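The structure appears right after this line, and notes come after that.
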Amino acid sequence: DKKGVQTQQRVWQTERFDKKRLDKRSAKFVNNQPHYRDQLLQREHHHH
Amino acid sequence: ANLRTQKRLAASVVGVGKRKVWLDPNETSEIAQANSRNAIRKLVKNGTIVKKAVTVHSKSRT
Amino acid sequence: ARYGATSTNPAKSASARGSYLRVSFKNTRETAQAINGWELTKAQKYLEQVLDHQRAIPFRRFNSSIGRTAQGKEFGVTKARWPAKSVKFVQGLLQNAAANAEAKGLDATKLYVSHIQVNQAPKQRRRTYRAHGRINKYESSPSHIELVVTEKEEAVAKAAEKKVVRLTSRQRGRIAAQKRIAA
Amino acid sequence: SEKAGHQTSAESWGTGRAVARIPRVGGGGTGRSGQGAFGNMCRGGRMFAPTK
Amino acid sequence: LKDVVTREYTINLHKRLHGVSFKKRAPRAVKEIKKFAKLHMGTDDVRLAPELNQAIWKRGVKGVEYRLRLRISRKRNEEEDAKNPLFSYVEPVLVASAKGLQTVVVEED
RNA sequence: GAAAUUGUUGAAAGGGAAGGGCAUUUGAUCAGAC
RNA sequence: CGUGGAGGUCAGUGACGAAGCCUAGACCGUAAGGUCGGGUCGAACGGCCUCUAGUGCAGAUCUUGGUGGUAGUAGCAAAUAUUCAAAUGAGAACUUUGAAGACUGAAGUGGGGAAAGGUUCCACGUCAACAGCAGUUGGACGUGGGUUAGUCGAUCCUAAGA
RNA sequence: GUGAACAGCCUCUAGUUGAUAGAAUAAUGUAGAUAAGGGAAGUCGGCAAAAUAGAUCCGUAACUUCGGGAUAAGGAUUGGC
Ligand SMILES: [Mg+2]
Ligand SMILES: [Mg+2]
Ligand SMILES: [Mg+2]
Ligand SMILES: [Mg+2]
Ligand SMILES: [Mg+2]
Ligand SMILES: [Mg+2]
Ligand SMILES: [Mg+2]
Ligand SMILES: [Mg+2]
Ligand SMILES: [Mg+2]
Ligand SMILES: [Mg+2]
Ligand SMILES: [Mg+2]
Ligand SMILES: [Mg+2]
Ligand SMILES: [Mg+2]
Ligand SMILES: [Mg+2]
Ligand SMILES: [Mg+2]
Ligand SMILES: [Mg+2]
Ligand SMILES: [Mg+2]
Ligand SMILES: [Mg+2]
Ligand SMILES: [Mg+2]
Ligand SMILES: [Mg+2]
Ligand SMILES: [Mg+2]
Ligand SMILES: [Mg+2]
Ligand SMILES: [Mg+2]
Ligand SMILES: [Mg+2]
Ligand SMILES: [Mg+2]
Ligand SMILES: [Mg+2]
Ligand SMILES: [Mg+2]
Ligand SMILES: [Mg+2]
Ligand SMILES: [Mg+2]
Ligand SMILES: [Mg+2]
Ligand SMILES: [Mg+2]
Ligand SMILES: [Mg+2]
Ligand SMILES: [Mg+2]
Ligand SMILES: [Mg+2]
Ligand SMILES: [Mg+2]
Ligand SMILES: [Mg+2]
Ligand SMILES: [Mg+2]
Ligand SMILES: [Mg+2]
Ligand SMILES: [Mg+2]
Ligand SMILES: [Mg+2]
Ligand SMILES: [Mg+2]
Ligand SMILES: [Mg+2]
Ligand SMILES: [Mg+2]
Ligand SMILES: [Mg+2]
Ligand SMILES: [Mg+2]
Ligand SMILES: [Mg+2]
Ligand SMILES: [Mg+2]
Ligand SMILES: [Mg+2]
Ligand SMILES: [Mg+2]
Ligand SMILES: [Mg+2]
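Protein chains in written order, with the numbering used here: chain A, 6 to 53; chain B, 22 to 83; chain C, 546 to 728; chain D, 1150 to 1201; chain E, 7 to 115.
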């Protein structure tokens, strides 16, 4: 059935686009981490 | 010819580990018909499927 | 339809195009420029040899940090590769365009690739995972490839000289003199 | 409408997170979280001198 | 031209596997053996016989033998024309020790 | 169906950036003319 | 000078192409901008006299969306290890079988369960996306099937407690 | 099976052979190693590494809350038949 596979052809290709919008609209702040603590700390060196 | 099913069956039917089972490589077409625990039991008695011998551990040294 | 820029007579040329191919864009752009301008059967026999590591594809634009190779020498470049997957999709097209040239009843021996162009198709997107719990885009760079093969004609030799001679009253009289001198 | 653009919980992240000071939507796991909020210049935020 | 031969070569693995990473030795035997047999009889498509494969491995990935004595035949390819008309086939030959023997052409009947 | 950005063709230039101002040569190109 | 709307007016322009966009093509203006030509395009839109304002952007670590250089680069290196034939297939380093070599070595990489999950179980069909290589394979995708109690649990009893 | 041992190392029953591959083997690496003579001269500091180690027999001080210290320190033996 060509009628058949043309249709699950479209849907897949439509769907897959709409999961792209999601990874992009999310993308900007996805790395937002309140309360992130840097593993690395550097002593500020000065003598009073 | 994907035999991963029939090899899992034979193991249960012949009452032994998968690793001791042996499927005749020339009957591959044949075995592919199995698909049922009953079918398999023909194939065991028939001889086209076989139980390999336990690998030998001798105590003779000890 | 609606191909890229064409200098070709449409009746004597056959064309084929794939779209949304899963291949590097940067890599295909490289294998494209390679076989551009060549005679068709040359192109194919050559692409064959690249699969074998006999010849190579010179990387002339996106080369950065590519390795040096001997095989580069042929085209006078030190940076070259053998992009297998690119080559497949180009072979696949060249085989096709050669078939369309057949059902158009053109002469196969006189064919050569006139115009071959590849631009970038919409990115596709997965995620990857980075230290300190971050996320990054991890992306395919699909391509559209189009190619037009032509039947070679050296048959054009045209003489067009358009003479509008603007001469002053002085230059006319002065050409006159030279004619009275029996030159 | 006077509620407009104010329907949100947004706060400022304060400085130190390397981005503009403008109050952003807290929360997570949606497109909208983190985005700019209120402000007259922000998508979705309140307009300047709302018509009364 | 290429005519349908059979010979019996000894190959020295020990000089060919010299200094190789232990875990990869058995496999380099198999690329070596292939390479060797494409040298002589330039057939370019080779196939090992599974028992030759045991003959290599019989000692485990480290301990490959110093000398093998193999029988290499050059045969006609079939069907589905491969990019070559000709074909190479290796299988081992049982012997006491592979020492001291030289290449012999096997008469074929 | 704009822009960034990108491919092909075409034209041009290029000795550690490019771009701008004043003036003209060279090439391309175009209005007024009656 | 420019923009969204409003009253008036040119019995203004328009499917014989309105607006929009494109144009190292032309003209007007000191300039804000205005006007014509060509290409695209397909339904509405301008001049003038006045009214009104959510009315002009290069910047705000501005806001939302989009895209580069970087760059075919960094990388894909813990847990010892794969190899040969055949079948399948358009296609086989990676699927299935045989052979071989190996490892977990009973405080297991084995057989069962608790919390949690929720159909992942199992067959048939399938390869667009997913399995940071591949893919004929799959905890993926499509169509179905499957969980049987007088005795195993809950149910009943009380504990610290509510 | 070794062994005091549920330690480490090898196998049997069951289970995996899944962790992107190929070709070469430069620098610098990461992990693992060995070094003549000297023996801490290195460094803020013996940090890191080396030495020692099991069992049996001998021998075992100062001090002490008399229980310890103590495996003190220091020696000798170890296979096969
Ligand atoms: Mg942005
Ligand atoms: Mg590099
Ligand atoms: Mg460089
Ligand atoms: Mg990562
Ligand atoms: Mg985490
Ligand atoms: Mg609003
Ligand atoms: Mg070495
Ligand atoms: Mg459109
Ligand atoms: Mg552009
Ligand atoms: Mg106006
Ligand atoms: Mg308004
Ligand atoms: Mg128009
Ligand atoms: Mg322009
Ligand atoms: Mg405003
Ligand atoms: Mg604006
Ligand atoms: Mg702006
Ligand atoms: Mg400003
Ligand atoms: Mg900014
Ligand atoms: Mg980027
Ligand atoms: Mg790299
Ligand atoms: Mg990976
Ligand atoms: Mg790494
Ligand atoms: Mg590993
Ligand atoms: Mg593997
Ligand atoms: Mg082991
Ligand atoms: Mg269970
Ligand atoms: Mg399953
Ligand atoms: Mg299946
Ligand atoms: Mg993949
Ligand atoms: Mg794939
Ligand atoms: Mg499912
Ligand atoms: Mg009853
Ligand atoms: Mg009960
Ligand atoms: Mg014992
Ligand atoms: Mg033990
Ligand atoms: Mg181990
Ligand atoms: Mg398991
Ligand atoms: Mg596997
Ligand atoms: Mg890994
Ligand atoms: Mg080299
Ligand atoms: Mg020393
Ligand atoms: Mg010494
Ligand atoms: Mg000393
Ligand atoms: Mg010192
Ligand atoms: Mg010192
Ligand atoms: Mg210190
Ligand atoms: Mg120390
Ligand atoms: Mg003491
Ligand atoms: Mg002692
Ligand atoms: Mg003794």
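Ideal Cβ placement from N, Cα and C applies to all residues, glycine included.
Which bits of chain D does residue i rub up against, with CB to CB less than 8 Å?
{"i": "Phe34/A", "result": "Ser1182, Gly1183 and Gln1184"}
If I follow the unbroken alpha helix (DSSP H) through residue i, where does it start and stop?
{"i": "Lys28/B", "result": "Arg25 to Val34"}
{"i": "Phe570/C", "result": "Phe570 to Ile580"}
{"i": "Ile661/C", "result": "Segment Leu656 to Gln665 is the beta strand (DSSP E) holding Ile661/C; no alpha helix (DSSP H) there."}
{"i": "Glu38/E", "result": "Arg31 to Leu45"}
{"i": "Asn67/B", "result": "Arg58 to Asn67"}
{"i": "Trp63/E", "result": "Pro56 to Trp63"}
{"i": "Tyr41/A", "result": "Element bounds for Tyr41/A: n/a, residue is neither H nor E."}
{"i": "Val701/C", "result": "Counting along the chain, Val701/C falls outside any alpha helix (DSSP H), and DSSP gives it neither H nor E."}
{"i": "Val35/A", "result": "Taken as a continuous stretch (DSSP letters only), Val35/A belongs to no alpha helix (DSSP H), as it is neither H nor E."}
{"i": "residue 787/C", "result": "For chain C, the structure presents residues 546 to 728; residue 787/C sits outside this window and is missing."}
{"i": "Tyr591/C", "result": "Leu585 to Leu596"}
{"i": "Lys724/C", "result": "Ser714 to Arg725"}
{"i": "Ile52/B", "result": "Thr49 to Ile52"}
Listing by chain order, which chain C residues have their CB less than 9 Å from the CB of residue i?
{"i": "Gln38/A", "result": "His677, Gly678 and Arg679"}
I want to verify the contact list: residues of chain A whose CB lies under 8 Å from the CB of residue i, in sequence order.
{"i": "residue 785/C", "result": "Residue 785/C cannot be examined here, being either before or after the span of chain C that is shown, 546 to 728."}
{"i": "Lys682/C", "result": "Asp28 and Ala32"}
With distances taken from CA atoms, which of the options is nearest residue i?
{"i": "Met1190/D", "options": "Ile1171/D, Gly1175/D and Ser1182/D", "result": "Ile1171/D"}
{"i": "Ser560/C", "options": "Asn681/C, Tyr548/C and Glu584/C", "result": "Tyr548/C"}
{"i": "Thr109/E", "options": "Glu86/E, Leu92/E and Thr12/E", "result": "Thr12/E"}
{"i": "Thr654/C", "options": "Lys557/C, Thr586/C, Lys708/C and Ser569/C", "result": "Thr586/C"}
{"i": "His46/E", "options": "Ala61/E, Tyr72/E and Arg80/E", "result": "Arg80/E"}
{"i": "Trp627/C", "options": "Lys649/C, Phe620/C, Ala646/C and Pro603/C", "result": "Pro603/C"}
{"i": "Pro555/C", "options": "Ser609/C, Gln599/C and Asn645/C", "result": "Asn645/C"}
{"i": "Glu584/C", "options": "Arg562/C, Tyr657/C and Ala615/C", "result": "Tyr657/C"}
{"i": "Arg22/E", "options": "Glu85/E, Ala104/E, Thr49/E and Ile39/E", "result": "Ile39/E"}
{"i": "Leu7/E", "options": "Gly25/E, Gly106/E, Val112/E and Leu92/E", "result": "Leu92/E"}
Mind checking which residues open and close the beta strand (DSSP E) that includes residue i?
{"i": "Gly563/C", "result": "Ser558 to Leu566"}
{"i": "residue 14/B", "result": "Residue numbering for chain B in the displayed model covers 22 to 83; residue 14/B lies beyond these limits and cannot be assessed."}
{"i": "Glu71/E", "result": "First-last for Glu71/E: undefined, no H or E at that position."}
{"i": "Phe93/E", "result": "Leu92 to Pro98"}
{"i": "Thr16/E", "result": "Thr12 to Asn18"}
{"i": "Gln669/C", "result": "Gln669 to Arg675"}
Contact between the region 561-581 of chain C and the region 646-664 of chain C is defined here as three or more beta-carbon pairs at a separation below 8 Å; is this criterion met?
yes
Contact between the region 632-652 of chain C and the region 683-694 of chain C: three or more CB pairs below 8 Å?
yes
Decide yes or no for the touch test of the region 95-114 of chain E against the region 40-57 of chain E: beta carbon pairs closer than 8 Å, at least 3 of them.
yes
Does the pairing of the region 74-81 of chain E with the region 13-20 of chain E give three or more beta-carbon distances under 8 Å?
yes
When the Cβ atoms of the region 561-568 of chain C are set against those of the region 673-691 of chain C, are three or more pairs found closer than 8 Å?
yes
Does the region 65-77 of chain B come close enough to the region 31-46 of chain B to have 3 or more Cβ pairs within less than 8 Å?
yes
Quick check: the region 667-677 of chain C against the region 704-723 of chain C, are at least 3 beta-carbon pairs closer than 8 Å?
no
Inter-stretch contact at 8 Å, needing at least 3 Cβ pairs: the region 29-47 of chain E / the region 1160-1180 of chain D:
no
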